[PDB]
Amino acid sequence: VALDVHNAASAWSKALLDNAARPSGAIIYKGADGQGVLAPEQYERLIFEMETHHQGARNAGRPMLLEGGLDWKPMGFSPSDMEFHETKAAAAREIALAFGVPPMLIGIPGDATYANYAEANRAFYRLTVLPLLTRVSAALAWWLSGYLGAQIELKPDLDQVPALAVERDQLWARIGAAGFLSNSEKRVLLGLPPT
Amino acid sequence: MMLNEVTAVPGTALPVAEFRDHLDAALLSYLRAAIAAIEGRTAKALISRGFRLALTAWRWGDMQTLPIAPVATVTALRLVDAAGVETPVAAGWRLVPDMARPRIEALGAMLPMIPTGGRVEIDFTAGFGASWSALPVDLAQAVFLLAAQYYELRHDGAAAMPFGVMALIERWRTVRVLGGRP
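In order, the protein sequence lines correspond to chains A and B.
According to PDB author numbering, the first sequence holds residues 199 to 393 in order.
According to PDB author numbering, the second sequence holds residues 1 to 23, 36 to 171, 175 to 197 in order.
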């Protein structure tokens, strides 16, 4: 449903820029009666004094003397911005909520949840990437072990992922500063071979 | 810009025999009081009388629209000096016949220049036709709906039909929307 709101609220403004009549105004010609059209000898005159002298950026403010019967009623365009704007963003944030991407990474404009991309990328590779990869590689590990004889395990390697460096450096500073235990006992806490 | 007319209408061209049927010195005194009232609202001429537009400075360099609207055959463009040596020019411009804007469009060049003091004047014969049977009939009907009012009531007294005087001359008036600089 959040896809159908974000498709349609974006196709709302696509259509509205393609089929909408705003005028800058309207030159109302009622006439001597209650109604009356103006002649083609007068309609060719009225265009040439509107095209040449009153339209464009270079004619922005001409006085437009109005005779008896003529009238200039300037039309507006009252909802100008923001046709389904905070519902299109609210739908575009509920799409990112379902797949699990945080709104910082794709660039959805919203109140900040994560701070500085060191924790937005770290939450991305921990909530919706590495749980998804540890289920696909675990089904690869069992299915491909039906082809060779020995059962095989095949799981994600967190050590070689740059998004978990903020996880990794506070680990290495935890037991690195723990000087009470020996050097061969802190290599095994990090996954290093003791020498 | 004066635009005084050269010759008035003779009165033999006015339909005083037709105005009498619609309803001679008093009838003809009421048509030309109703012809001149309709021309002044519509900026027309109705009898093809001769004019002299004597103006002091050209508004544009490929323009100076003429105010009396149905024009034909601009006779001369006399370019006088201050003492009045009166040398007419004969080339450079074109009369562009247009009921909307009767203008002098020039010939891809600035219009004839005016001497210091010597006001340029234009004489032209503007109007529909030389007789009364050459008019548009509704503008001829609007004269009779007004001149029969001046006949049938003498002072400014009291009394709107669908096509009245105003609804018939609403389509001959000059529709202008420029009160600007150019």
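For every residue, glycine included, the Cβ atom is placed at its ideal position computed from N, Cα and C.
Cut-off 7 Å between Cβ atoms - residues of its own chain near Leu352(A), not counting five sequence neighbours on either side
Once the five neighbours on either side are set aside, the close Cβ partners of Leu352(A) are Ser335, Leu338 and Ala339.
Beta-carbon proximity of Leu67(B) to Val83(B), cut-off 8 Å:
Not in contact: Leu67(B) and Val83(B) (Cβ atoms no closer than 8 Å).
Using C-beta distances below 7 Å, list every residue in its chain close to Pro124(B), excluding the 5 sequence neighbours before and after it, in chain order.
Excluding sequence neighbours, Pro124(B) sits near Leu89, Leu91, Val101, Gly104 and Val132.
What's the gap between the Cα of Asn217(A) and the Cα of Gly194(B)?
The alpha-carbon atoms of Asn217(A) and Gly194(B) are separated by roughly 34 Å.
Determine, for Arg191(B), whether the minimum Cβ-Cβ distance to residues of chain A falls below 8 Å.
Closer than 8 Å: yes.
Chain B contact for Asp231(A) (CB, 8 Å cutoff)
So yes, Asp231(A) belongs to the interface.
Can you tell me whether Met122(B) is buried or exposed, with buried defined as 16 or more other CB within 10 angstroms of its CB?
Flag for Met122(B) reads exposed.
Starting from the C-beta of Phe156(B), find all residues in its chain whose C-beta is less than 6 Å away, skip the five residues before and the five after it, and write them out in chain order.
So the qualifying residues of the chain are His22.
Give me the residue from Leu147(B), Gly179(B), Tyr163(B) and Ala94(B) with the minimum Cα distance to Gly129(B).
Closest by alpha carbon: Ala94(B).
To the nearest angstrom, how far is it from the Cα of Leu14(B) to the Cα of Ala170(B)?
When rounded, the distance between both Cα atoms is 28 Å.
What residues in its chain sit with their C-beta under 6 Å from that of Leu328(A), if we drop five residues either side in the sequence?
Short of 6 Å from the beta carbon of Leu328(A), and not among the five residues preceding or following it, lie these beta carbons of its own chain, in chain order: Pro354.
Considering only the beta carbon of each residue, do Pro272(A) and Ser222(A) sit closer than 8 Å?
If you check the CB distance, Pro272(A) and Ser222(A) come in under 8 Å.
Helix, strand or coil: how does DSSP classify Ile373(A) here?
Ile373(A): helix per DSSP, three-state reduction.
Quick check: is the beta carbon of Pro261(A) nearer than 8 Å to any beta carbon in chain B?
Under the Cβ criterion of 8 Å, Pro261(A) is counted among the residues facing chain B.
Which chain A residues are close to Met111(B), counting only those with a beta carbon under 7 Å from its beta carbon?
Near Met111(B) (Cβ distances below 7 Å), the residues of chain A are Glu239.
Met181(B) touches chain A at which residues, Cβ-Cβ below 7 Å?
Think of a sphere of 7 Å around the beta carbon of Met181(B): the chain A residues whose beta carbon falls inside it are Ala230, in chain order.
Segments of 3+ residues assigned as beta strand (DSSP E) that fall wholly inside the segment 210-292 of chain A:
Counting only runs of 3 or more, we get 224-227 and 268-271.
Just the Cα atoms here: how many angstroms apart are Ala175(B) and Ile47(B)?
Rounded to the nearest angstrom, the gap between the Cα atoms of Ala175(B) and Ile47(B) is 21 Å.
First and last residue of the uninterrupted alpha helix (DSSP H) at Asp135(B)
Per DSSP, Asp135(B) belongs to no alpha helix (DSSP H); it is in the beta strand (DSSP E), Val132 to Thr137.
Between the segment 288-305 of chain A and the segment 249-259 of chain A, are three or more C-beta pairs nearer than 8 Å?
Note that the segment 288-305 of chain A does not touch the segment 249-259 of chain A; fewer than 3 beta-carbon pairs, one per stretch, sit closer than 8 Å.
Hey, could you find the ends of the beta strand (DSSP E) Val299(A) is sitting in?
No residue range can be given for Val299(A), since it is assigned to no beta strand (DSSP E) and is classified by DSSP as neither H nor E.
Just verifying my parser: in three-state terms, what is the DSSP assignment at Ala13(B)?
Coil.
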